Amino acid sequence: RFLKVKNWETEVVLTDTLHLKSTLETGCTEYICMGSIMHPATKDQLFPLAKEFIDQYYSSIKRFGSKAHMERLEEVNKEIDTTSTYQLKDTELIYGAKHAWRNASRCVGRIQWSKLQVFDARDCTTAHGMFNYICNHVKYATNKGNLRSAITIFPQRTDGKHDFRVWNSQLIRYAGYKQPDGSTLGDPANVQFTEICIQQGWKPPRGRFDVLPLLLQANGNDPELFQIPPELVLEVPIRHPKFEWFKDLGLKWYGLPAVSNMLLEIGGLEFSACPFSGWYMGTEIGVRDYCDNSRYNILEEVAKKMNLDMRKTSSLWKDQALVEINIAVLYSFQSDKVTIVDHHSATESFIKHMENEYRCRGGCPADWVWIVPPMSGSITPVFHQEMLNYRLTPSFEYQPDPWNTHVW
Amino acid sequence: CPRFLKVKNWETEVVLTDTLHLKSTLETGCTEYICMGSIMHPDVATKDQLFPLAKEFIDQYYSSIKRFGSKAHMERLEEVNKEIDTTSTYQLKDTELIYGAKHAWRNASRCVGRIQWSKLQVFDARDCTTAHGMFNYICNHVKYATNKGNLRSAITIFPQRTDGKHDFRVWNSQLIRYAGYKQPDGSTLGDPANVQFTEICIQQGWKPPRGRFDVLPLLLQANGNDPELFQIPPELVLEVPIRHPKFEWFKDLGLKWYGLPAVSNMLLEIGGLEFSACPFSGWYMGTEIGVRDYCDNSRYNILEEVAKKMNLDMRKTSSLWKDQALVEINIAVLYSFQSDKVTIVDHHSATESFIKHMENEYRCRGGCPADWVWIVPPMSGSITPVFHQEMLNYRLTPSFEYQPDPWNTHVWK
Ligand code: HEM
Ligand code: HEM
Ligand SMILES: Cc1cc(N)nc(CCc2c(F)c(F)cc(CCCN(C)C)c2F)c1
Ligand SMILES: Cc1cc(N)nc(CCc2c(F)c(F)cc(CCCN(C)C)c2F)c1
Ligand SMILES: C[C@H](O)[C@H](O)[C@H]1CNc2nc(N)[nH]c(=O)c2N1
Ligand SMILES: C[C@H](O)[C@H](O)[C@H]1CNc2nc(N)[nH]c(=O)c2N1
Ligand SMILES: [Zn+2]
């Protein structure tokens, strides 16, 4: 059936037909909704997946049922027969990577989806090769602060014993240190990964903003440590446009957000190493990174310097410090001409993207739980936007952390 | 469905196990292929439909009072069955009515306030026959619940649906709300959310004061008859003028709000019985006023004027002038209610209580259905503990349900 979505602020109603093309599961049933749960091959399994993807690629370039389409189908059939897998054409890899982003229901940045620079790294064989490819990615995507979206695609999975993996969760992240007296120096989300890097020989500077090394696994071998050359790592000192004391907090962040632990699935092929990057929405730094209780957890210090009354929650001192921290982040990036988007502009772009996708595509899968920003929700337009969530492929998927599967 | 489902809290690592979902009744709207978790809304029962629904409820009640399988349980089952057989309906006992109303609240997955569910004063109004009598019951409800500002949660339950042509309905969406007036020039005076109902009231004979904060009259329908208008005695409408602890100029905005939030348009379903008029009230979380009522664009929409008085740069969104004004507005709302000693809860306290409540429910009941989209507050979401809490949503009965607006269905006499 067709399905309608209503925006309760504008009363606009859209009609979804695209959900009829989905086949992966959501996790919900008719009786239980799992919308706030974070995470709910063979020759036989492969060809229908390959066929569907080839079909939708040739349907996208409007040569469905063409000789090129027919020949590709047979070419893929023979290749799965004689090798239990197949290799994408370059054109298909690019189309598949752009559409995995287009289909990412949790991403508010998707208005940019067709401006994605796709780096083909399928000829890589070693961790040194991966490091080279990744340095080139970081340099290209950073672009002296004028950030450019990019993805680098390493060889696909074969037997599951020869996986390519970036062990880092992001290419650029700060270390976290388990202090003797109990607390945490640096970034507490990375304590385990930091300790794995130390355990592999990394000499930790034990600062607050230590860029972690890359830990890279090629063809299922043990992973190897590499230091990203510092001139490739663009950072922003965080200051406030009114509180001159804000800089004395000693805060900084990196400009390049680059997810490196997800899995890219295209036509039944699995790309276990596919680091991809864009640019930040300011709340990603200022709300979650800085203010989660299990993260940098700085709200108390900021509220202190603002001299806010912190004895009762109903003074909303936490909410006041939260806004100022996010003003500082946005101000700092813009002052340094590092690409960044505020949650008001981003959500506005996403509503416009939604309208575009409903018109030209018949829908847009979207995860309200993730699309609504972690602060000032209902004063952004996505709060009032009903969204249908469903799984379209090509897609990005979660995968296990490699230190739970790897045999040394 | 699997017998155990786990939810995780990503801030604390606590993992809870849900078995209560196995008692789920109606549908969520979701399927295996599509999730409708952000969709806001995703002829009577026959004898045959009513038998099993009543038995399920009666079984649950006698299980709650530790008398399952007892002689009184089996007798009640038989008495209900005969009554459905000979009359096509049945009547709840007072004890069952109170149990059912409390559990409809306990089961309300969108309510962050459910730690209080067992302290609900239930007013039995099933003897009511006329709209005047409905007025009397509602006045007593408002007075009791307001309690000079020390608010107490309460529900008043009017007679159940019979053939659907004799419904009791409160046409108001809440017992206390402010009028909205569309102007010829397109502007709105008062609360833009209530323009449709205000016009209906005016058409029914209400003389509007045409101000910014005019308490709407009650529009009350008894036994399926045409609805009738009543003015709530103004001394029963407790109100709070909004002022700011720092900004002296804030009181010059002339803002105020009423103290009692009281939903009156929902349907209470108990044992297959349908209570189409069941107004219920609690106390406010501050953001319901300071964020939604005041700062929604289609509501009072005061962000601009507050930002002006704060002298914020309103040309770049990246200045976060909206976010900064929204906080001060919510500071004022909480400060003004606490100063006048009118019960109110800030969003940090309410969400922390709800997490404690949810953990207790998981431990002692086997789960707690919760709608994350509604539980997370509309400001500062991720610095509240519910943001990081995985929740399972499912529909248990007894329940509160939405129902059509009565002017769309009423057969005018
Ligand atoms: C171009 C600027 C971009 C912006 C502003 C943006 C914004 C965001 C934000 C704010 C989130 C939520 C992140 C979180 O809460 O952890 C997100 C998620 C996501 N983004 Fe985008 N993004 C951008 C680019 C991209 C690109 C280039 C890709 C892939 C090629 C991508 C794929 C995803 C995916 C898969 C998720 C879901 C992550 C998960 O499930 O954990 N995004 N995005
Ligand atoms: C006692 C203090 C209470 C607090 C702090 C509270 C808090 C809330 C809040 C913040 C919401 C979301 C409101 C919105 O965004 O419109 C809500 C919804 C709800 N509450 Fe509670 N509530 C309380 C009492 C009650 C009582 C006494 C009942 C019923 C007996 C109840 C039943 C509901 C229901 C059914 C909803 C969902 C309404 C809908 O979907 O439109 N609440 N509550
Ligand atoms: C391409 C892109 C652009 C953009 N603006 N944001 C993203 C999301 C980033 C991102 C994830 F995808 C994710 F799964 C988890 C985290 C956790 C926070 C870790 N952080 C402290 C280092 C995260 F930040 C991606
Ligand atoms: C008992 C109780 C206590 C509390 N604190 N909150 C609530 C929920 C409030 C609530 C609804 F659930 C609802 F469906 C509709 C409205 C009216 C419009 C809302 N707003 C646009 C004015 C309403 F006020 C109930
Ligand atoms: C479209 C979306 O479902 C809608 O805006 C919902 C979102 N969550 C909400 N949450 C609460 N508490 N109240 C609401 O009115 C809404 N509105
Ligand atoms: C429990 C809940 O699913 C979890 O906290 C989610 C909620 N929404 C989110 N939304 C975004 N953008 N990022 C997140 O990490 C989360 N976490
Ligand atoms: Zn769902």
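X-ray crystallography is the method the PDB entry states for this structure, with the resolution given as 1.998 Å.

1. Structural notes on the domain arrangement of chain B
Residue and element names in this part refer to chain B. Assigned domains of chain B: these are domain 1 (18–126 + 153–163 + 267–281 + 351–375), domain 2 (127–152 + 167–238 + 402–406) and domain 3 (239–261 + 284–349). Placing the centre of domain 1 and that of domain 2 at their C-alpha centroids yields a distance of 27 Å. Facing 22 residues of domain 1, the contacting portion of domain 2 comprises 17 residues. Of the roughly 1600 Å² buried at the junction of domain 1 and domain 2 (both faces included), carbon and sulfur atoms supply 59%. Its largest share of buried area at the contact with domain 2, domain 1 owes to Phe158, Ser276 and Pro279, together 26% of the area lost on that side. Here domain 1 is connected to domain 2 by one salt bridge. Salt-bridge contacts for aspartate 167 lead to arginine 161; the nearest nitrogen and oxygen are separated by 3.0 Å. Where domain 1 touches domain 2, the interface holds nine residue pairs in polar contact. For the side of domain 1 that touches domain 2, the secondary-structure elements that each account for two or more residues are β3 (121–124), β4 (154–157) and β15 (280–281).

2. A look at the site of ligand 6
Lining the immediate environment of ligand 6, one finds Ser36(A), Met38(A), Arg288(A), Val369(A), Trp370(A), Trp372(B), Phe387(B), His388(B), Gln389(B) and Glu390(B). Nearby residues place ligand 6 at the junction of chains A and B. At 3.1 Å from an oxygen atom of ligand 6 is found a side-chain nitrogen or oxygen belonging to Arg288(A). At 3.2 Å, a backbone N or O of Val369(A) approaches a nitrogen atom of ligand 6. Taking 400 Å² as the accessible area of ligand 6 by itself, protein coverage stands at 86%. Grouping the constituent residues of the shell around ligand 6 by class yields five nonpolar, three polar and two charged.

3. Let's talk about the interface of chain A and chain B
Residue-level contacts link 63 residues of chain A with 66 residues of chain B. Overall, the association of chain A and chain B removes approximately 5400 Å² of surface from exposure, summing both partners, and the carbon and sulfur fraction of that is 60%. Here chain A and chain B share zero salt bridges between them. If you list the elements that add at least two residues to the side of chain A that touches chain B, you get β1 (3–6), α6 (282–291), α8 (317–335), α9 (343–361) and α10 (368–371) of chain A. Ranked by residues supplied to the side of chain A that touches chain B, first place goes to α8(A) with ten residues.

Basis of the calculations
Along every chain, residues receive numbers from 1 upward following the written sequence, which is not necessarily the numbering found in the entry; those without coordinates are excluded from display. Note on labels: chains are lettered from A, ligands numbered from 1, in written order. By convention in this description, side-chain values take in all heavy atoms of the structure and omit both hydrogens and water. Marked domain ranges trace back to an automatic or database domain assignment. Here, two residues are considered to be in contact whenever any of their heavy atoms come within 4.5 Å of each other. Buried area counts how much accessible surface, traced with a 1.4 Å probe, disappears from two parts once they are put together, with both parts' losses summed. In what follows, salt bridge is the name for a side-chain nitrogen of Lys or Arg lying within 4 Å of a carboxyl oxygen of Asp or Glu. What qualifies as a polar contact is a pair of N or O atoms within 3.5 Å, subject to a donor-acceptor requirement within protein and to the restriction that residues adjacent in sequence count only when both atoms come from side chains. Secondary structure elements are defined from DSSP: runs of H or I of at least 4 residues count as helices, runs of E of at least 2 residues count as strands, and each element is numbered from the N terminus. For this purpose, a residue is taken to be near a molecule or strand whenever a single non-hydrogen atom of the residue falls within 4 Å of it. The method behind every accessible area is Shrake-Rupley, applied with a 1.4 Å probe, and residues are considered shielded solely by the protein chains displayed. In the scheme used here, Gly and all other residues not listed as nonpolar or charged are polar, with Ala, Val, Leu, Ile, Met, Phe, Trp, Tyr, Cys and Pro taken as nonpolar and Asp, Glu, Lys and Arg as charged.

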